[PDB]
Amino acid sequence: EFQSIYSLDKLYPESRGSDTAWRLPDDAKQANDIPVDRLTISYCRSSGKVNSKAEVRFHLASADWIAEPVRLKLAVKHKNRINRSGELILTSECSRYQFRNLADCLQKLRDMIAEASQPXXXXXXXXXXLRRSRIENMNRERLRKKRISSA
Amino acid sequence: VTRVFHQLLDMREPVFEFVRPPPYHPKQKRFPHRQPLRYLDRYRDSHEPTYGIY
């Protein structure tokens, strides 16, 4: 019950009582990004380098916390990591503490949701990696270009 | 292709990658002589500190 002139009530008069530091402001964040309870979170623990795999699963059509445009456009750009059961699958490796792996997967998830939710994204194409792809595409286009009615 | 494997063959679709053999390092020596500091990091197991008994 001792006090000094430097104590925490005198430095900060506004918030004093013990209960004030421990209150929970659930209303300030009401959007609850990524409602973790509805995700399947798997841990593959390997040891040799130590690498703890973080796995992240949810059903895209069945997930309500994402709006329909978000649902459908996250199913397009990302179709490579989608599973036949309708699952979107996220993978994390680098840390050997599974905490950071979870954080990485949740972050990739927030980035896919962000990039999809922003309509103004022009998906900028680099000509450096895709130049050979554009050339080979045009060149197979010149062969496809033969016009005769078939079948 | 994804339409094939699932609908026809009732099978998960395989995905392959390209692996290039890990760069060869000479045996590490107890007193590496005349080497840069970063020499130590070539034999690095994984990147994370480990406080052994601490």
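As given, the protein sequences belong to chains u and b, one line each in that order. FYI, in the deposited numbering the residues of the first sequence are 38 to 85, 93 to 195. Number 361 in the deposited numbering belongs to position 35 of the second sequence; there are no gaps in the numbering. All residues carry an ideal CB built from backbone N, CA and C; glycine is no exception.
- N145/u carries a helical assignment under DSSP once its states are collapsed to helix, strand and coil.
- Straight across, the Cα-Cα distance linking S193/u with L116/u is about 36 Å.
- In this structure, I42/u and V114/u do not form a Cβ contact; the two beta carbons are roughly 54 Å apart against a cut-off of 8 Å.
- Membership of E131/u in any alpha helix (DSSP H) is not indicated; the residue belongs instead to the beta strand (DSSP E) covering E131 to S136.
- Considering only beta carbons, the part of the stretch 362-376 of chain b lying closer than 7 Å to chain u consists of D371, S372 and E374, in chain order.
- DSSP places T376/b in the coil class of the three-state scheme, outside both helix and strand.
- Distances from the alpha-carbon of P163/u to those of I71/u, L118/u and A58/u put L118/u closest.
- Judged by DSSP in its simplified three-state form, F102/u adopts strand.
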